[PDB]
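Below you will find one chain, with nothing else, as structure tokens; this is the form deposited in one PDB entry, and questions on how it binds or moves follow later.
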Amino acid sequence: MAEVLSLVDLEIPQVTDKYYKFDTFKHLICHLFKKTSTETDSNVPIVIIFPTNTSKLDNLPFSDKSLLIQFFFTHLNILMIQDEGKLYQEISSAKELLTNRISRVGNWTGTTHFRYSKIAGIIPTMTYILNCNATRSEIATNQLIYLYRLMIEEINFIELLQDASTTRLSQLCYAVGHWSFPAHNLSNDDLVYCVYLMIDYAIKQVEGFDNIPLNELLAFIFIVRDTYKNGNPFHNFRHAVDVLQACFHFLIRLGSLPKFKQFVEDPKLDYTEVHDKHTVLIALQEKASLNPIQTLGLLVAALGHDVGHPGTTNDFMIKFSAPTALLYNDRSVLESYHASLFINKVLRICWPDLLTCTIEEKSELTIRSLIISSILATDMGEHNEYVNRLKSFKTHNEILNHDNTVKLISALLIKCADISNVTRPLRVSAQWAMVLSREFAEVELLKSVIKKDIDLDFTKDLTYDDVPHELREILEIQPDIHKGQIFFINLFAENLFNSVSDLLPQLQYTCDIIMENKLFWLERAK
């Protein structure tokens, strides 16, 4: 039934599938951080047994150990103990609800009441996490910051990656360098390092801004990865890092960041696995639209833009009256949720001094506000409004101040990055189309469960074969991919990228690849 993690001798065999005895709290924490390295949701309840060293982590009072687990490992369905009937019932109920992917999504979104504070005292919901992070006292906030800093002090985060060899880290530099970003060949561990490469590089360009050591940046990125649901086929940490990487390339080609040795100038090239002796991006030697701190703000927003995404859509949350849709009055439901979580859970604790920075010395617009703006901008229900705000801007008669100009460019760039799958080279674009279809099919299955149009076996989980490397095998596994892509390019992408490239000439290559991909998809519609 449960995975049991123990700091003490006690055994609870009635509920135990597998038991891990840890010598230290630090080692227990490291075990928990590594859980999001996989491609699947944690689907068993976890029981942590506490007692009724120079290490400050290991010597924390129970109240602080408990606070650490509750806050940083909310995503792992943990029951902490230090009543056999209550325990067994609680764990059994949680197991029954966690085993199956469709059950899990229903739990998070509050749309399957009929099946199932936390559910069974163990499983977190979107509203629970949202409420917890909005209502936190200043004292609780500073205590979490203290515990965050303690982990940075005692945990060596690079050691929690599976392959941090010089060759691998160099390969990731060159991967980050390709417009054909091979996201599907990168593990969730590789992806953490990719984020480090991009954010460290951006931080180094900001004048009055202290550089942040490797370990501190890695801790932050582990925390971000932990807010993404690993079992989501599309809206997972890999998507976030992909969108960040798209933004990263846009910003380089706009001159907001300098090019680096590992940057591949030609965006139409496919990925080649290259390496050399460098393990970080090596910079080479009028103003760009976005300055260095605004560039960093855009990158940070792209990183957090889908935090906590439950694997559904605004349409689903609205039509099925999900609690979060009721809170947000059907307006930008998931995006409001992502913005609130990313600011109040992640950045307020991990990087509070970034939030209080302003976009320029003169301006009072904060990076907090800019990040919110950019995240909210990814709502496709508001697509037309930004397209028209671009047309009003381009028509120089109607002018914006500097603050609203920064907001608009930032909004357009993150929008383009978020829907950039059709602008990647064909093979990579197709791989994304496949995983996007998997998530679409899961949403259809969840709707059928709620409508009582299908009876699923909730004792088994959804599993997927590896995404194929070659376009050929992708098209045989699901032909008709082409019609999703034509629909999306015609009705959304072509117009946005054309319109954005008209304003920002350097991104024209995106329009070039959309057309090339469109022609191919048209060719097999025939």
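Throughout, we count residues from 1 along the sequence that is shown.
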item: Deposited but uncoordinated residues in the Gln162/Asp163 interval; value: none
item: Unmodelled deposited residues between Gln285 and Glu286, binned; value: 4 to 9
item: Higher-scoring stretch by recorded Cα B factor average, 224-232 or 289-297; value: 289-297
item: Average Cα temperature factor in the PDB entry - higher stretch of 363-371, 399-407; value: 399-407
item: Selection from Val243, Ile91, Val387, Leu191 [criterion: highest C-alpha temperature factor in the record]; value: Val387
item: Out of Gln70, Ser37, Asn498, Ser42, highest CA B-factor residue; value: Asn498
item: CA B-factor placement of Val4, once the chain's modelled residues are sorted into thirds; value: lowest
item: Lowest, middle or highest third - CA B-factor, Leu254; value: highest
item: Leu28 by Cα B-factor - lowest, middle or highest third of the modelled chain; value: lowest
item: Third of the chain's Cα B-factor distribution that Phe181 belongs to, per the entry; value: middle
item: Chain third (lowest, middle, highest) by recorded CA B-factor, residue given as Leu57; value: middle
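The protein also exists as the form deposited with a small molecule bound; that form is not presented, and the subsequent description refers to it.
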query	finding
Touches the small molecule in the entry with it bound: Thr36 (any heavy atom, 4.5 Å)	no
In the entry with it bound, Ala164 touching the small molecule (heavy atom, 4.5 Å)	no
Distance check, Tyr88 to the small molecule in the entry with it bound, heavy atom within 4.5 Å	no
Contact test in the entry with it bound: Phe440 vs the small molecule, heavy atoms, 4.5 Å	yes
The unique member of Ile252, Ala288, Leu436, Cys350 whose heavy atoms fall within 4.5 Å of the small molecule in the entry with it bound	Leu436
Single option in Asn107, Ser410, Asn421, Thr227 placed near the small molecule in the entry with it bound, where near means a heavy atom within 4.5 Å	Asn421
Location of the small molecule contact in the entry with it bound, chosen stretch of 55-63, 485-493, 39-47, 461-469 [non-hydrogen atom, 4.5 Å]	485-493
